[PDB]
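Asks: Below is one structure. I have some questions about it.
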Amino acid sequence: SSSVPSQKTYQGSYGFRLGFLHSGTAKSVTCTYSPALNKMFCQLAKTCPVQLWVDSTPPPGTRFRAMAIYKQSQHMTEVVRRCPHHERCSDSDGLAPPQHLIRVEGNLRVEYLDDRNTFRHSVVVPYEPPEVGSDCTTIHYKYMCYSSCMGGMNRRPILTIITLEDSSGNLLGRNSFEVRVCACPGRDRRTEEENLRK
Ligand SMILES: [Zn+2]
């Protein structure tokens with residue numbers, strides 16, 4: 001009955017792990033992952049390719065669910081949404097509800113959810129065995145507000161929780177990374193990593 005999703009990492013019996021493309025901190029980068037911070041820095045409405053690995057083949061009807069929650073304990077109970085300004089700007093792809101922060105592009109079987117008890121949003125894609133050539137699943141997520149959007153995230157850090165789930169939504173595995181949606185991911189990531197050392 002807790003409406004706050006757990007965030008504990010749990011690679012599960014199928015060996016569910018996340019992978020991230022290797023990027024640098026060039027000021028023009030649209031998406032960059034810091035392994036030190038386990039934190040994704042990206043621009044607004046720009047694609048972030050996240051790798052989903054499973055060591056053992058999961059049961060049929062398995063899915064990957066992505067959901068954002070506030071990282072700070074004091075804001076955890078608060079549903080992460082898009083700010084009102086962006087909600088009404090009419091930029092849906094005709095499938096993503098305008099309030100949803102996290103979208104998926106490049107997947108034919110995306111579904112968007114507004115939980116009927118928790119009011120939390122998520123976006124789901126099916127698991128499918130990787131191709132002859134391919135080794136993992138790559139989903140291209142997009143974040144549709146800045147971290148700093150007033151009436152929205154309000155400068156609050158968020159986590160993206162990706163769970164491996166059966167079709168009914170039972171937990172098979174869980175992984176997470178921090179996300180900052182900002183205008184200059186490259187600089188911001190260099191900045192946060194530098195504060196790490198010095
Ligand atoms: Zn916004």
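In the structure tokens, each chain is lettered A, B, ... as it comes, each chain's residues begin at 1, and ligands are numbered from 1 in order of appearance.
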At a cut-off of 6 Å and counting only C-alpha atoms and all ligand atoms, what residues surround ligand 1? Please answer as a PDB file with N, CA and C atoms, in the first residue's frame.

Replies:
```pdb
ATOM      1  N   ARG A  82       5.457  16.560 -15.871  1.00  0.00           N
ATOM      2  CA  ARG A  82       5.869  17.714 -16.647  1.00  0.00           C
ATOM      3  C   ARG A  82       5.228  18.962 -16.056  1.00  0.00           C
ATOM      4  N   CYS A  83       5.884  20.104 -16.215  1.00  0.00           N
ATOM      5  CA  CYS A  83       5.306  21.356 -15.777  1.00  0.00           C
ATOM      6  C   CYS A  83       4.076  21.674 -16.627  1.00  0.00           C
ATOM      7  N   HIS A  86       4.699  23.151 -20.343  1.00  0.00           N
ATOM      8  CA  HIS A  86       5.077  22.184 -21.359  1.00  0.00           C
ATOM      9  C   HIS A  86       3.941  21.215 -21.658  1.00  0.00           C
ATOM     10  N   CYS A 145      10.893  17.555 -19.902  1.00  0.00           N
ATOM     11  CA  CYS A 145      11.016  18.799 -19.151  1.00  0.00           C
ATOM     12  C   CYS A 145      12.442  18.939 -18.654  1.00  0.00           C
ATOM     13  N   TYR A 146      12.864  20.178 -18.419  1.00  0.00           N
ATOM     14  CA  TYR A 146      14.125  20.446 -17.743  1.00  0.00           C
ATOM     15  C   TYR A 146      13.983  20.101 -16.274  1.00  0.00           C
ATOM     16  N   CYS A 149      12.316  22.970 -14.583  1.00  0.00           N
ATOM     17  CA  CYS A 149      10.999  23.451 -15.004  1.00  0.00           C
ATOM     18  C   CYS A 149      10.103  23.815 -13.826  1.00  0.00           C
ATOM     19  N   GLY A 152       7.035  21.957 -12.369  1.00  0.00           N
ATOM     20  CA  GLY A 152       7.367  20.590 -12.708  1.00  0.00           C
ATOM     21  C   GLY A 152       8.371  20.032 -11.725  1.00  0.00           C
TER      22      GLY A 152
END
```

Asks: Please provide as a PDB file with N, CA, C and O atoms, in the first residue's frame all residues within 6 Å of residue 175 (chain A), with the sequence filter that same-chain residues fewer than 6 positions apart are discarded (counting only C-alpha atoms).

Replies:
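Wrote selection26.pdb, looks like this:
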```pdb
ATOM      1  N   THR A   9      18.320  -1.715  -6.162  1.00  0.00           N
ATOM      2  CA  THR A   9      18.802  -2.485  -7.298  1.00  0.00           C
ATOM      3  C   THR A   9      18.778  -3.973  -6.961  1.00  0.00           C
ATOM      4  O   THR A   9      19.087  -4.380  -5.841  1.00  0.00           O
ATOM      5  N   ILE A 161      13.848   4.756 -12.623  1.00  0.00           N
ATOM      6  CA  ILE A 161      13.806   3.383 -12.160  1.00  0.00           C
ATOM      7  C   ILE A 161      13.319   2.532 -13.301  1.00  0.00           C
ATOM      8  O   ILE A 161      12.206   2.725 -13.795  1.00  0.00           O
ATOM      9  N   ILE A 162      14.167   1.619 -13.759  1.00  0.00           N
ATOM     10  CA  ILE A 162      13.743   0.674 -14.780  1.00  0.00           C
ATOM     11  C   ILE A 162      13.595  -0.704 -14.151  1.00  0.00           C
ATOM     12  O   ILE A 162      14.551  -1.259 -13.586  1.00  0.00           O
TER      13      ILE A 162
END
```

Asks: Given only C-alpha atoms as the basis, pick out the residue of A:39, A:71, A:17, A:22 nearest to residue 188 (chain A).

Replies: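 Among the listed residues, the smallest separation from residue 188 (chain A) belongs to A:39.
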
Asks: Would you pick out the contacts of residue 184 (chain A) at 10 Å or less, using only C-alpha atoms, so that residues sharing its chain but fewer than 2 positions from it are not included, and give the list as a PDB file with N, CA, C and O atoms, in the first residue's frame?

Replies:
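File produced: selection_10.pdb:
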```
ATOM      1  N   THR A  25      32.271  14.706 -22.742  1.00  0.00           N
ATOM      2  CA  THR A  25      31.701  15.848 -22.062  1.00  0.00           C
ATOM      3  C   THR A  25      31.790  17.052 -22.983  1.00  0.00           C
ATOM      4  O   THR A  25      31.878  18.184 -22.529  1.00  0.00           O
ATOM      5  N   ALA A  26      31.779  16.797 -24.286  1.00  0.00           N
ATOM      6  CA  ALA A  26      31.818  17.868 -25.270  1.00  0.00           C
ATOM      7  C   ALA A  26      30.567  18.702 -25.084  1.00  0.00           C
ATOM      8  O   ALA A  26      29.480  18.160 -24.888  1.00  0.00           O
ATOM      9  N   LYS A  27      30.723  20.020 -25.117  1.00  0.00           N
ATOM     10  CA  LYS A  27      29.613  20.923 -24.805  1.00  0.00           C
ATOM     11  C   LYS A  27      28.384  20.719 -25.701  1.00  0.00           C
ATOM     12  O   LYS A  27      27.272  21.094 -25.331  1.00  0.00           O
ATOM     13  N   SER A  28      28.586  20.140 -26.882  1.00  0.00           N
ATOM     14  CA  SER A  28      27.474  19.916 -27.806  1.00  0.00           C
ATOM     15  C   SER A  28      26.747  18.589 -27.598  1.00  0.00           C
ATOM     16  O   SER A  28      25.684  18.381 -28.184  1.00  0.00           O
ATOM     17  N   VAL A  29      27.303  17.693 -26.776  1.00  0.00           N
ATOM     18  CA  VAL A  29      26.670  16.387 -26.568  1.00  0.00           C
ATOM     19  C   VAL A  29      25.229  16.567 -26.094  1.00  0.00           C
ATOM     20  O   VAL A  29      24.914  17.455 -25.299  1.00  0.00           O
ATOM     21  N   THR A  30      24.350  15.736 -26.625  1.00  0.00           N
ATOM     22  CA  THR A  30      22.938  15.850 -26.318  1.00  0.00           C
ATOM     23  C   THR A  30      22.574  14.914 -25.180  1.00  0.00           C
ATOM     24  O   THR A  30      21.572  15.103 -24.498  1.00  0.00           O
ATOM     25  N   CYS A  31      23.408  13.903 -24.976  1.00  0.00           N
ATOM     26  CA  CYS A  31      23.184  12.872 -23.977  1.00  0.00           C
ATOM     27  C   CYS A  31      24.524  12.348 -23.515  1.00  0.00           C
ATOM     28  O   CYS A  31      25.330  11.920 -24.353  1.00  0.00           O
ATOM     29  N   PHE A  41      23.072  12.743 -18.029  1.00  0.00           N
ATOM     30  CA  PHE A  41      22.831  14.152 -18.307  1.00  0.00           C
ATOM     31  C   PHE A  41      22.336  14.287 -19.734  1.00  0.00           C
ATOM     32  O   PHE A  41      23.000  13.844 -20.679  1.00  0.00           O
ATOM     33  N   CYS A  42      21.179  14.912 -19.907  1.00  0.00           N
ATOM     34  CA  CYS A  42      20.648  15.024 -21.249  1.00  0.00           C
ATOM     35  C   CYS A  42      19.919  16.330 -21.479  1.00  0.00           C
ATOM     36  O   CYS A  42      19.530  17.025 -20.541  1.00  0.00           O
ATOM     37  N   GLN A  43      19.754  16.650 -22.754  1.00  0.00           N
ATOM     38  CA  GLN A  43      18.993  17.801 -23.171  1.00  0.00           C
ATOM     39  C   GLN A  43      17.513  17.457 -23.238  1.00  0.00           C
ATOM     40  O   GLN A  43      17.129  16.287 -23.252  1.00  0.00           O
ATOM     41  N   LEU A  44      16.698  18.504 -23.250  1.00  0.00           N
ATOM     42  CA  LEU A  44      15.247  18.410 -23.329  1.00  0.00           C
ATOM     43  C   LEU A  44      14.755  17.855 -24.673  1.00  0.00           C
ATOM     44  O   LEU A  44      15.163  18.337 -25.720  1.00  0.00           O
ATOM     45  N   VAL A 181      18.100  16.731 -16.559  1.00  0.00           N
ATOM     46  CA  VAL A 181      17.765  17.249 -17.863  1.00  0.00           C
ATOM     47  C   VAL A 181      18.096  18.725 -17.835  1.00  0.00           C
ATOM     48  O   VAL A 181      17.553  19.472 -17.026  1.00  0.00           O
ATOM     49  N   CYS A 182      19.027  19.126 -18.699  1.00  0.00           N
ATOM     50  CA  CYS A 182      19.575  20.474 -18.650  1.00  0.00           C
ATOM     51  C   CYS A 182      19.965  20.908 -20.046  1.00  0.00           C
ATOM     52  O   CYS A 182      19.971  20.094 -20.962  1.00  0.00           O
ATOM     53  N   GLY A 186      27.010  18.226 -21.366  1.00  0.00           N
ATOM     54  CA  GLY A 186      28.448  18.068 -21.398  1.00  0.00           C
ATOM     55  C   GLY A 186      29.150  18.826 -20.294  1.00  0.00           C
ATOM     56  O   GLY A 186      29.939  18.239 -19.557  1.00  0.00           O
ATOM     57  N   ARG A 187      28.862  20.121 -20.181  1.00  0.00           N
ATOM     58  CA  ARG A 187      29.475  20.973 -19.156  1.00  0.00           C
ATOM     59  C   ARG A 187      29.058  20.547 -17.756  1.00  0.00           C
ATOM     60  O   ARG A 187      29.890  20.411 -16.852  1.00  0.00           O
ATOM     61  N   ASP A 188      27.757  20.352 -17.585  1.00  0.00           N
ATOM     62  CA  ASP A 188      27.207  19.969 -16.298  1.00  0.00           C
ATOM     63  C   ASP A 188      27.825  18.674 -15.788  1.00  0.00           C
ATOM     64  O   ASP A 188      28.131  18.560 -14.603  1.00  0.00           O
ATOM     65  N   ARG A 189      28.016  17.704 -16.671  1.00  0.00           N
ATOM     66  CA  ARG A 189      28.642  16.445 -16.261  1.00  0.00           C
ATOM     67  C   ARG A 189      30.113  16.629 -15.874  1.00  0.00           C
ATOM     68  O   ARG A 189      30.584  16.042 -14.899  1.00  0.00           O
TER      69      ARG A 189
END
```

Asks: Would you mind telling me which residue in A:12, A:185, A:49, A:84 lies nearest to residue 24 (chain A) when using only C-alpha atoms?

Replies: A:185

Asks: As a list in words, please: every residue in region 4-196 of chain A that a backbone DSSP assignment puts in helix (DSSP H, G or I).

Replies: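 Matching residues, listed in order: residues 84, 85, 86, 87, 185, 186, 187, 188, 189, 190, 191, 192, 193, 194, 195 and 196 of chain A.
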
Asks: Keeping C-alpha atoms, export the residues of the selection given above as a CSV table (one decimal), in the first residue's frame.

Replies:
```
chain,number,residue,atom,x,y,z
A,84,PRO,CA,2.0,22.9,-16.8
A,85,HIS,CA,3.6,25.1,-19.5
A,86,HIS,CA,5.1,22.2,-21.4
A,87,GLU,CA,2.0,20.0,-20.8
A,185,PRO,CA,24.8,18.1,-20.4
A,186,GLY,CA,28.4,18.1,-21.4
A,187,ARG,CA,29.5,21.0,-19.2
A,188,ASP,CA,27.2,20.0,-16.3
A,189,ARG,CA,28.6,16.4,-16.3
A,190,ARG,CA,32.2,17.7,-16.3
A,191,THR,CA,31.3,20.1,-13.5
A,192,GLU,CA,29.7,17.4,-11.3
A,193,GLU,CA,32.6,15.0,-11.9
A,194,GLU,CA,35.2,17.7,-11.1
A,195,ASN,CA,33.5,18.4,-7.8
A,196,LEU,CA,33.8,14.7,-7.2
```

Asks: Determine which residues of region 88-156 of chain A receive a DSSP assignment of strand (DSSP E or B), computed from the backbone, and state them as an MDAnalysis selection string.

Replies: chainID A and resid 102:105 111:114 121:126 137:143

Asks: Just checking: using only C-alpha atoms, which residue out of A:94, A:151, A:173, A:157 ends up closest to residue 40 (chain A)?

Replies: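 For residue 40 (chain A), the nearest of the candidates is A:157.
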
Asks: Contacts of residue 112 (chain A) at 9 Å or less, counting only C-alpha atoms, minus same-chain residues fewer than 3 places along, as a list in words?

Replies: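 Answer for this query is residues 95, 96, 97, 100, 103, 121, 122, 123 and 124 of chain A.
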
Asks: What's the separation between CA of residue 144 (chain A) and CA of residue 8 (chain A), in Å to one decimal place?

Replies: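 For CA of residue 144 (chain A) relative to CA of residue 8 (chain A), the distance reads 25.2 Å.
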
Asks: Give me, as a list in words, all polymer residues having an atom no more than 10 Å from residue 106 (chain A), counting only C-alpha atoms and skipping those fewer than 6 positions away in the same chain.

Replies: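 Once the adjacent positions are removed, what remains is residues 47, 138, 139, 140 and 141 of chain A.
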
Asks: Write a file of the selected residues as a PDB file, in the first residue's frame, keeping N, CA and C atoms.

Replies:
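The result, stored in out_13.pdb:
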```
ATOM      1  N   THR A  47      16.879  12.227 -27.418  1.00  0.00           N
ATOM      2  CA  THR A  47      16.967  10.800 -27.181  1.00  0.00           C
ATOM      3  C   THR A  47      18.160  10.384 -26.291  1.00  0.00           C
ATOM      4  N   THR A 138      18.315  -1.931 -26.805  1.00  0.00           N
ATOM      5  CA  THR A 138      18.537  -0.497 -26.666  1.00  0.00           C
ATOM      6  C   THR A 138      17.228   0.291 -26.821  1.00  0.00           C
ATOM      7  N   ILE A 139      16.828   0.985 -25.760  1.00  0.00           N
ATOM      8  CA  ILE A 139      15.644   1.828 -25.802  1.00  0.00           C
ATOM      9  C   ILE A 139      16.074   3.280 -25.826  1.00  0.00           C
ATOM     10  N   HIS A 140      15.434   4.069 -26.677  1.00  0.00           N
ATOM     11  CA  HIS A 140      15.746   5.479 -26.788  1.00  0.00           C
ATOM     12  C   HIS A 140      14.732   6.283 -26.015  1.00  0.00           C
ATOM     13  N   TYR A 141      15.059   6.578 -24.761  1.00  0.00           N
ATOM     14  CA  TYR A 141      14.185   7.364 -23.902  1.00  0.00           C
ATOM     15  C   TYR A 141      14.350   8.857 -24.202  1.00  0.00           C
TER      16      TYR A 141
END
```

Asks: Distance CA of residue 54 (chain A)-CA of residue 2 (chain A), one decimal place?

Replies: 28.1 Å

Asks: Using only C-alpha atoms, which residue out of A:163, A:176, A:99, A:168 lies closest to residue 65 (chain A)?

Replies: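 For residue 65 (chain A), the nearest of the given residues is A:163.
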
Asks: Between A:58, A:130, A:169, A:19, which is the closest to residue 115 (chain A) once you count only C-alpha atoms?

Replies: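 Closest to residue 115 (chain A) of all the choices is A:169.
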
Asks: For residue 67 (chain A), which of A:167, A:89, A:154, A:6 is the closest residue, counting only C-alpha atoms?

Replies: A:6
